[PDB]
Amino acid sequence: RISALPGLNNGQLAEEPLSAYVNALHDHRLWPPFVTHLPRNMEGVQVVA
Amino acid sequence: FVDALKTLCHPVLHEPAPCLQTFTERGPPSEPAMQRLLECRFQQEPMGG
Amino acid sequence: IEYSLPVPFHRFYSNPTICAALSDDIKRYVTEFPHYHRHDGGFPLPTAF
Amino acid sequence: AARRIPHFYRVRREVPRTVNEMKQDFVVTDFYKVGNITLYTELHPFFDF
Amino acid sequence: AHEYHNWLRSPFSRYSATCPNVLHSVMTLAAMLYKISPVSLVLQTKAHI
């Protein structure tokens, strides 16, 4: 909540949400180091194994 | 800063192209103190093994 | 989950942490507009309300 | 009004924020700036337009 | 080793050594993840931050 900026986050600037353009904890382009389910919005990023 | 909001959002503030241009035209430095700092390398490798 | 019907109706009692997570309808509405996770005001109420 | 209330959340239109909600987000010193838009409709202290 | 291609660089690891074990130190890594994109420079200044 403290890193979402919940005061002035509204709408759809592009197909990504507004807080995804604000902090790294919201955009789905940064990935956590340990994972068990890759998310629904993989279509922005690319993955290589 | 809300009154300085105009000058901090032009795209020329966030274009590194002439800066990298004159950094490359500066070339690598050549003092013997800088020769500890100059070297690094980054390789790409498949994550199969 | 199968025998409930959620009504987001009010300025307060509407928040999508519960009602949108209940039904797949408003869940599908939320997962395409991910910036609608607010509570201040909130994600938009229906036209009847 | 209860059974129909999921069917509002299937049409995927970006519902625009109302003028009062677009008025609420401003900070105190930013409410007295020309960068504010909705100052044209704050006419009466005891009404809203 | 891609220091200039990770999202999290050596100031984050250098902060993780000398930080105390308190909630203030937990949340202070969150606001160290604010993007410095020009769209975020409007918004985080508009929150008077």
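Chains as they are written, first to last, in PDB author numbering: chain A, 686 to 734; chain B, 442 to 490; chain C, 931 to 979; chain D, 491 to 539; chain E, 980 to 1028.
The beta-carbon is built from N, C-alpha and C at its ideal position, and this holds for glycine as well.
Item                                                                                                                       : Value
Cβ of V505 of chain D within 8 Å of any chain C Cβ                                                                         : yes
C481 of chain B versus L461 of chain B - alpha carbon distance                                                             : 18 Å
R958 of chain C to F521 of chain D span [Cα, whole Å]                                                                      : 36 Å
Near-chain B residues of the region 1002–1023 of chain E - C-beta to any C-beta below 7 Å                                  : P1017, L1020 and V1021
Whole alpha helix (DSSP H) elements within the region 446–474 of chain B, 4-residue minimum                                : 458–467
Straight-line gap, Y499 of chain D to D955 of chain C (C-alpha atoms, nearest Å)                                           : 6 Å
Residues in the region 947–964 of chain C having any Cβ partner in chain A nearer than 8 Å                                 : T961, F963 and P964
Cβ neighbour criterion (16 or more within 10 Å) applied to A950 of chain C                                                 : buried
Residue range of the unbroken alpha helix (DSSP H) whose run includes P990 of chain E                                      : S989 to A996
Between the CA atoms of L710 of chain A and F973 of chain C - distance to the nearest angstrom                             : 21 Å
Distance between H534 of chain D and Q514 of chain D (C-alpha atoms, nearest Å)                                            : 16 Å
Cα-Cα separation, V1018 of chain E to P496 of chain D                                                                      : 34 Å
CA-to-CA distance, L693 of chain A to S992 of chain E, given in whole angstroms                                            : 31 Å
Residue of C:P976, C:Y966, C:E932 and C:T977 minimising C-alpha distance to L952 of chain C                                : C:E932
Length of the line joining the Cα atoms of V730 of chain A and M1006 of chain E                                            : 27 Å
Strand pairing of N945 of chain C, partner residues [DSSP]                                                                 : Answer is none; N945 of chain C lacks a bridge partner.
Pair within 8 Å by beta-carbon distance, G696 of chain A and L703 of chain A                                               : yes
Chain-ordered chain E contacts of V443 of chain B [CB-CB under 8 Å]                                                        : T1024, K1025 and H1027
Assigned secondary structure, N510 of chain D (DSSP; H/G/I helix, E/B strand, else coil)                                   : helix
Spatial neighbours of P976 of chain C in its chain, beta-carbon cut-off 6 Å, leaving aside the 5 residues before and after : none
8 Å Cβ cutoff met for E700 of chain A and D712 of chain A                                                                  : no
Proximal chain E residues relative to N726 of chain A, where beta-carbon distance stays under 7 Å                          : Near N726 of chain A there are no residues of chain E at all, since even the closest Cβ is about 17 Å away, more than 7 Å.
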